[PDB]
Student: 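Here you go, one structure.
Note: hydrogens, waters and symmetry copies are ignored here, and every other heavy atom, side chains too, is used. By convention here, the first residue in the shown sequence is residue 1.
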Amino acid sequence: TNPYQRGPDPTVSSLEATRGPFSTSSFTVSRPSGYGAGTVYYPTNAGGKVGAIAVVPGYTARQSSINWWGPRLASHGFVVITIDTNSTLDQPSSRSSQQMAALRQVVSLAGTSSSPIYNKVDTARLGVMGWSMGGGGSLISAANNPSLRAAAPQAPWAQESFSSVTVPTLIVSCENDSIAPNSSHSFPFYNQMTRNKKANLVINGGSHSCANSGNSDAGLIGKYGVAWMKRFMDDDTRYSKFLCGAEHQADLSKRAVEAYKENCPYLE
């Protein structure tokens, strides 16, 4: 019996929906520690401690580009911190350092009795997401910290190799990306990672911003993001059917999916 399992049995319906089952709130970090600014999204009624996720944007970009993930994941039972970097012009290694510093402040606030997330966070269960250079930073965070339970980068941009990564990594890639082209970032990163559970969802027609706030594939992308995080943060095999099973197979017929790659099964 999984002590980390939270919320009702998932359906295609509930995963494609705008919100998960849990009531949500948020707050602005009063005094950011090692990063520019952050907003914390948390569930009020998950029925136990939840893992935590830090989401970083790309070059020139702010919280607004990626903060749709805040309520979307929080409502499925995660604490999510969306950050602004010290500078809009920070590169991947600095993005990764600021990501880890944000996770550190979430963990710290979860031990602060005055904090809304006081005692809500399993500080051993942490995840990383981010857009482009922030998604490169997510792959660097993973390679530097193998105790992280899940990575979900979108249209990642990096000049590194990730052959060493042992953290479970989904890449969301955009087909017509000219900023982080898949033939020199996403697809090499997927081929480099030989030591982990991984997947690569390629969104059909998508520009560089195909997975950002207000995107028109939020049903599909929201579903794979939540199911991945829920499978690897919470060891919740109830979500395996969406990643490796019959529900996953039904998704491949859709126009929105140019291609999907994985190394299923993900065994316990």
Student: Which atoms form the tightest heavy-atom contact between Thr112 and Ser108, and what is the distance?
Tutor: OG1-O, 2.8 Å
Student: Going from CG on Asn196 to CG on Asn263, what distance comes out if it is rounded to the nearest 0.5 angstrom?
Tutor: 7.0 Å
Student: Whether the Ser164 and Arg195 side chains hold a donor-acceptor pair (N or O, under 3.5 Å, no angle test) is what I'd like checked.
Tutor: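 Short answer, no.
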Student: Where the side chain of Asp177 meets the backbone of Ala180, is there a donor-acceptor pair that is under 3.5 Å apart?
Tutor: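 Between the backbone of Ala180 and the side chain of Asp177 there is a qualifying donor-acceptor contact (under 3.5 Å).
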Student: Are the side chains of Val56 and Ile66 in contact, using a 4.5 Å heavy-atom criterion?
Tutor: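 No, side chains not in contact.
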Student: What distance do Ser33 atom OG and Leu109 atom CG have between them, rounded to the nearest 0.5 Å?
Tutor: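 If I round to the nearest 0.5 Å, the distance is 9.5 Å.
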Student: Do you see a donor-acceptor pair shorter than 3.5 Å between the side chains of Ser178 and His208?
Tutor: no
Student: Examine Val106 and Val167 and state if one hydrophobic cluster contains both, with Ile, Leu, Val, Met, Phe, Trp and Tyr joined whenever side-chain heavy atoms are less than 4.5 Å apart.
Tutor: no
Student: Testing the basics here: between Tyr260 and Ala199, what is the closest heavy-atom pair and its distance to 0.1 Å?
Tutor: OH-CB, 3.5 Å
Student: Applying side-chain contact (heavy atoms from CB on, under 4.5 Å), can you list everything that pairs with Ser26, at least two apart in sequence or on another chain?
Tutor: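 For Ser26, the residues satisfying side-chain contact (heavy atoms from CB on, under 4.5 Å) (neighbours in sequence not counted) are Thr39, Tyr41.
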Student: What is the minimum heavy-atom distance between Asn119 and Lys49, and which atoms define it?
Tutor: ND2-NZ, 3.2 Å
Student: Quick one: pull up CG in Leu220 and CZ in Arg255 and give me the separation to the nearest 0.5 Å.
Tutor: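 Between atom CG of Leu220 and atom CZ of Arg255 there are 13.5 Å.
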Student: Tell me, yes or no, whether the heavy-atom count around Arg238 atom CZ, taken from other residues, nucleotides or ligands under 6.0 Å, exceeds 12.
Tutor: yes
Student: What residues form a side-chain hydrogen bond (donor to acceptor under 3.5 Å, both in side chains) with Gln91, not counting sequence neighbours?
Tutor: none
Student: Could you check whether any side-chain heavy atom of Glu160 comes within less than 4.5 Å of a side-chain heavy atom of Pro92, counting everything from C-beta outward?
Tutor: no
Student: Heavy-atom count check: over 12 atoms from other residues, nucleotides or ligands less than 6.0 Å from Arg19 CZ?
Tutor: yes
Student: Are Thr88 and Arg62 close enough, and set up right, to give a side-chain hydrogen bond (donor to acceptor under 3.5 Å, both in side chains), and what steps lead you there?
Tutor: CA-CA 7 Å; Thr88 68; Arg62 279 182 182 86; 5.3 Å; no
Student: Is there a side-chain contact between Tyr42 and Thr24 (heavy atoms, below 4.5 Å)?
Tutor: no
Student: Tell me, do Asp122 and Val50 make a side-chain contact under 4.5 Å, heavy atoms counted?
Tutor: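 No. Closest side-chain heavy atoms not under 4.5 Å.
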Student: Once rounded to the nearest 0.5 Å, what's the spacing between atom CD of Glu247 and atom OG of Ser240?
Tutor: 11.5 Å
Student: Which atoms form the tightest heavy-atom contact between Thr85 and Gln98, and what is the distance?
Tutor: CA-OE1, 3.1 Å
Student: Applying side-chain contact (heavy atoms from CB on, under 4.5 Å), run through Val107 and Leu126 and close with a yes or a no.
Tutor: CA-CA 9 Å; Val107 155; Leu126 307 180; 4.3 Å; yes
Student: Ignoring hydrogens and angles, tell me if any N or O in the side chain of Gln154 forms a donor-acceptor pair with the backbone of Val172 under 3.5 Å.
Tutor: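 Checked: no pair found.
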Student: In terms of hydrophobic clusters joined by side-chain contacts under 4.5 Å, are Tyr224 and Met233 together?
Tutor: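 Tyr224 clusters together with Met233.
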Student: Would you say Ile171 and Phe242 are hydrophobically clustered, going by side-chain heavy atoms of ILVMFWY under 4.5 Å?
Tutor: no
Student: Would you check if the side chain of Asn176 reaches a backbone N or O of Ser207 as a donor-acceptor pair within less than 3.5 Å?
Tutor: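 Pair absent, no side-chain N/O of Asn176 close to backbone of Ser207.
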Student: Which heavy atom of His248 sits nearest a heavy atom of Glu262, and at what distance?
Tutor: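 Taking every non-hydrogen atom into account, NE2-OE2, 4.5 Å.
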Student: Under the side-chain contact (heavy atoms from CB on, under 4.5 Å) rule, what do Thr169 and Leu139 come out as? Steps first, then yes or no, please.
Tutor: CA-CA 8 Å; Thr169 303; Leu139 291 164; 3.7 Å; yes
Student: Check for a donor-acceptor pair, side chain of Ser138 on one end and backbone N or O of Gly134 on the other, with a separation under 3.5 Å.
Tutor: yes
Student: I would like to know whether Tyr59 and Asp90 meet side-chain contact (heavy atoms from CB on, under 4.5 Å); could you show each step before the answer?
Tutor: CA-CA 7 Å; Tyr59 205 65; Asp90 296 335; over 6 Å; no
Student: Is there side-chain contact between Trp68 and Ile221, with heavy atoms separated by less than 4.5 Å?
Tutor: yes
Student: Going through the distances and angles, do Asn67 and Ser213 end up as a side-chain hydrogen bond (donor to acceptor under 3.5 Å, both in side chains)?
Tutor: CA-CA 7 Å; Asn67 54 194; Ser213 310; 3.3 Å; yes
Student: Are the side chain of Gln105 and the backbone N or O of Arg31 linked by a donor-acceptor pair below 3.5 Å?
Tutor: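 Yes, because the side chain of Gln105 sits within donor-acceptor range (under 3.5 Å) of the backbone of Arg31.
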Student: I'd like to know if the side chain of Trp69 and the backbone of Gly225 have a donor-acceptor N/O pair within less than 3.5 Å.
Tutor: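 Answer holds: no.
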Student: Are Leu89 and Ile83 connected, step by step, through hydrophobic side chains (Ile, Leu, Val, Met, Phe, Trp, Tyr) whose heavy atoms are closer than 4.5 Å?
Tutor: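 They do not share one cluster, since no chain of ILVMFWY contacts under 4.5 Å joins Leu89 to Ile83.
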Student: If you round to the nearest 0.5 Å, how far is CE of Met229 from CZ of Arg149?
Tutor: 12.0 Å
Student: Could you please spell out the steps behind the salt bridge (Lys or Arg N to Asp or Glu O under 4.0 Å) verdict for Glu16 and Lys223?
Tutor: CA-CA 5 Å; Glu16 293 178 351; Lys223 171 164 70 193; 2.8 Å; yes
Student: Using atom types as modelled and distance alone, determine if a side-chain donor or acceptor of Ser147 lies under 3.5 Å from a backbone N or O of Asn145.
Tutor: no
Student: Between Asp234 and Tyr239, do the side chains contain an N or O donor and an N or O acceptor separated by less than 3.5 Å?
Tutor: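 No donor-acceptor contact under 3.5 Å links the two side chains.
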Student: For a quick check under 3.5 Å, do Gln99 and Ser141 share a side-chain donor-acceptor pair by atom type?
Tutor: yes
Student: Would you give the length of the straight line joining atom CD1 of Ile53 to atom CG of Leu103, rounded to the nearest 0.5 angstrom?
Tutor: 9.5 Å
Student: Quick check on the hydrophobic clustering: are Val79 and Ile81 connected, directly or via other members, by side-chain heavy-atom contacts under 4.5 Å?
Tutor: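 Yes; tracing contacts between hydrophobic side chains, which count when under 4.5 Å, links both residues.
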Student: Taking all non-hydrogen atoms of both residues into account, name the closest pair between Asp235 and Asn2 and its distance.
Tutor: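 Scanning both residues, the minimum pair turns out to be O-ND2, 3.3 Å.
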Student: Indicate the ring-plane relationship of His185 and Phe189, choosing parallel, tilted or perpendicular according to the 30° and 60° boundaries.
Tutor: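 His185 vs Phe189 ring planes: perpendicular.
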Student: A side-chain contact here means heavy atoms from C-beta on lying under 4.5 Å apart; do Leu73 and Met129 qualify?
Tutor: yes
Student: Any side-chain to backbone donor/acceptor pair from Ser75 onto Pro71? Under 3.5 Å, distance only.
Tutor: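 Yes; at least one donor-acceptor contact below 3.5 Å.
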Student: Quick one: does NZ or CZ of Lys198 land under 6.0 Å from the six-membered ring centre of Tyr190, within 45 degrees of the ring axis?
Tutor: yes
Student: I would like to know whether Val257 and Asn204 meet side-chain contact (heavy atoms from CB on, under 4.5 Å); could you show each step before the answer?
Tutor: CA-CA 5 Å; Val257 185; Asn204 176 253; over 6 Å; no
Student: Taking atom NZ as the centre, does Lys120 end up with more than 12 heavy-atom neighbours from other residues, nucleotides or ligands that are less than 6.0 angstrom away?
Tutor: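 Count over threshold, so yes.
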Student: Using only heavy-atom distances, determine whether the side chains of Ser173 and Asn200 contain a donor-acceptor pair under 3.5 Å.
Tutor: yes
Student: Does some side-chain heavy atom of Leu201 sit less than 4.5 Å from a side-chain heavy atom of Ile203?
Tutor: yes
Student: Any non-hydrogen side-chain atom of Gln192 less than 4.5 Å from a side-chain atom of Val165?
Tutor: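 Contact flag for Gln192/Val165 side chains = no.
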Student: Cation-pi check for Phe187 against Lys261: NZ or CZ below 6.0 Å from the six-membered ring centre and within 45 degrees of the axis, yes or no?
Tutor: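 Yes, a cation-pi geometry.
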Student: Determine the interplanar angle of the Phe232 and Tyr266 rings, folded into 0 to 90°, and report it as parallel if under 30°, tilted if 30 to 60°, perpendicular if over 60°.
Tutor: perpendicular
